[PDB]
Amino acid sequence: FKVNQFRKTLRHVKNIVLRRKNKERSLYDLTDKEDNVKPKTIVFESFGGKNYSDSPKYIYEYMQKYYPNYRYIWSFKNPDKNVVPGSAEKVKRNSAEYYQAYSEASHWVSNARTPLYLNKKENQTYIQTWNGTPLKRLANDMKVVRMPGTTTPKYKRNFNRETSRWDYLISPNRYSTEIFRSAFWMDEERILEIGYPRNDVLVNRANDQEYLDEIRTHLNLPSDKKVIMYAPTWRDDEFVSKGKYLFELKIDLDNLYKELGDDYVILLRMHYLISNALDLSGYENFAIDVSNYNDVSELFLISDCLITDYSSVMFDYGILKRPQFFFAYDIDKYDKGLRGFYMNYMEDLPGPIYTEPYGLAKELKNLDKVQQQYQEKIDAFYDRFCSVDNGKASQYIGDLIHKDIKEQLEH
């Protein structure tokens, strides 16, 4: 007597009869067999289906060029609002096609967690690129998580469930592997220290001027000015008033304009929620909202320096050996002498830590003085965290997948 089949049937009958939107899900759970799997079908999703971006984008673009005869499926929250190059067909999350796609594909490629109601058969290969060298503690390494609806243990039980389905897990650096192996409950075998595919352009194209010039004129940037990128992490604290009118960025734009307006334009990469509350009138041709731009790596390439605080992008951008400033206005509130980070944040990062934005501005005045004054520290950072990206990472995965699926076209 098959007792799990019985439960899925009940559940599915309950869904059909009540007209629940998950009827499509329960049908998939009932009927999902190892035999639906067709070896030349590949699904990609990035950030839970929100973009066409990141390592899955670059993995997919590489494969479109060298292996065009496989079936490619992209998964999207809203497929109609996402443009995808090449032969790939797109599926809407939780649609019948979503589930066919995952039931059928021999390889899943993602950069974040994919849902546990999806079945990763012994027959399929789930490759997790993940999404950056960690700074804040994550997964198993966390202490508390007062996240509504779920306890710390149940949140970790679930995370561990998901990481066990990871067949391969890409890695950028020894430091990260040491961390992943613990945080994600990983077997080092499954880890591939080959760098992030999304960071291929940062090596392969860092000098292609024709290419830097399409990115710049696609953003309408001034020809005479250098580019400062500012990418603060999301903060819960600073949300108030429906989010209708925020208090001008802590970084003081009026001041930056007075200081830097002659030599610089600043790209602001905020959380989407801050992005549509920002009034940038008075700052046109100096402050450029850029939150809603598909490819952040392209933004790095055209950036002469980077301002952030507690973000993983600092490791990505470090590949370019350009200066970085850490405007950490709220560093006090963050646990004083916080080890809530895997690295020693007070000591070995590539640039100056500023708690106020006014000395930051002055420092920025002359970029080259920073570049020498921190070349010692920059190179060091490059050596720990970036000395592994080849620019061949998309290739490596792409080839692995191809190689993987030749095996399956025999026995």
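So that there is no doubt, residue numbering starts at 1 and follows the sequence shown.
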item	value
Residue range whose averaged C-alpha B-factor is higher in the record, 321-329 or 230-238	230-238
Per the entry, higher mean C-alpha B factor between 10-18 and 398-406	398-406
Selection from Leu299, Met142, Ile288, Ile73 [criterion: highest C-alpha temperature factor in the record]	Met142
Criterion, highest CA B-factor; candidates, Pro134, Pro172, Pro153, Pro79	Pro153
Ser223, C-alpha B-factor rank within chain (lowest, middle or highest third)	highest
Entry-reported Cα temperature factor of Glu259, expressed as the chain third it lands in	middle
Chain-relative CA temperature factor third for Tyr374	highest
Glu356, C-alpha B-factor rank within chain (lowest, middle or highest third)	highest
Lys23 - Cα temperature factor, lowest/middle/highest third of chain	middle
